[PDB]
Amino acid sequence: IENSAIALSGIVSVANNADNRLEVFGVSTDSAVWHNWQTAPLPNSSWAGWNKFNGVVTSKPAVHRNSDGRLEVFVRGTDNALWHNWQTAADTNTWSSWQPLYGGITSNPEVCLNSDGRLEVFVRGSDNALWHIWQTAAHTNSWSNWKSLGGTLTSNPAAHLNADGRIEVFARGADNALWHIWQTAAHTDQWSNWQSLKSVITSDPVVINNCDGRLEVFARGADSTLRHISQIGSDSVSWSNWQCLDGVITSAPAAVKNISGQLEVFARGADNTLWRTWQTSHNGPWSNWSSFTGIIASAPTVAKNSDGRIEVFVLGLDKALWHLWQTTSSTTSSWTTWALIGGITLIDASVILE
């Protein structure tokens, strides 16, 4: 791999509904977004079947739950502008049509919830800068104008809340390094300058919060292995050194915090199967990678069920969505084998960033 590579992305975006049922969003061969969901938040739930949103799209969709429980999806349209749709009532299959947010978008959209309930969307714009737009009232269709945060992006953005409620955004720069920018006051339009975390990355960055309130960032490195970095915390503006983990990965990573508070990461491995690693103690060292049977054709998308069980979604060799999951809430639970969520086939609609 070249320093400017961007590892294969996940094939769906996933959210928990207000009642914690999982719901997935992808793009089919008709270039429309389709979605599917658990019919109940139970370990044996059926899935509803694939349902289409009318309209042709031109990015991977991004979904988030509003602070009033309603899911809302963001996507680039055929006009290269940002569009969104939403549940009109929480937990209900009554959706808006696609509605315009305008702009000129040159990445997949990334959505985050501010600590005051307002959704915020981050994209690369027509000038390769980071641009953003936000709800001006929590869980309302009153959106700001577009505003630039500058920079020069070469990955999709990844956004996450700090423990103190400040959004922080991570994106690869023109030097192939990881850069980041943050709100300097929680849920306010007061932002830092861009700063570099150094290190070349070859995937989009993925971010999660630890127990202790420290963000941790994962990405593939120049040598095609997973690497990670974390905030020092305790009111320091600093970050740790980077660490790599042995094992060549061949997709973006996906991180999750298990219900014991430990981090886990999933990624497609060198043999094209799903790999998993976990922290073996608090803050710990990391386990050797463990493999699940079966060749997969995307990065994993990882979620947690109502009961904490971890569930993983991937593109199969049949171009359909498959999943596996923990059979119990235990961190030592056994896992299922891949099962098909059939009814459509999927395409990787991610925006080709070059």
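Note that residue numbering begins at 1 and tracks the sequence as displayed.
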Of 228-236 and 214-222, the stretch with the higher mean C-alpha B-factor in the deposited entry is 228-236
Taking the deposited Cα B-factors and averaging over 259-267 and over 114-122, the higher mean is found in 259-267
Of the residues 100, 77, 284, 109, the one whose Cα carries the largest B-factor in the deposited record is 284
Entry record, C-alpha B-factors for 87, 277, 251, 280; the maximum is at 280
Of the three thirds of Cα B-factor ranks in this chain, residue 341 occupies the highest
On the chain's distribution of Cα B-factors, residue 289 falls within the third called middle
Sorting the chain's modelled residues by C-alpha B-factor and splitting them into thirds places residue 246 in the middle
Entry-reported C-alpha B-factor of residue 160 relative to its chain, by third, is lowest
Chain thirds by Cα B factor, record data; residue 307 belongs to the middle
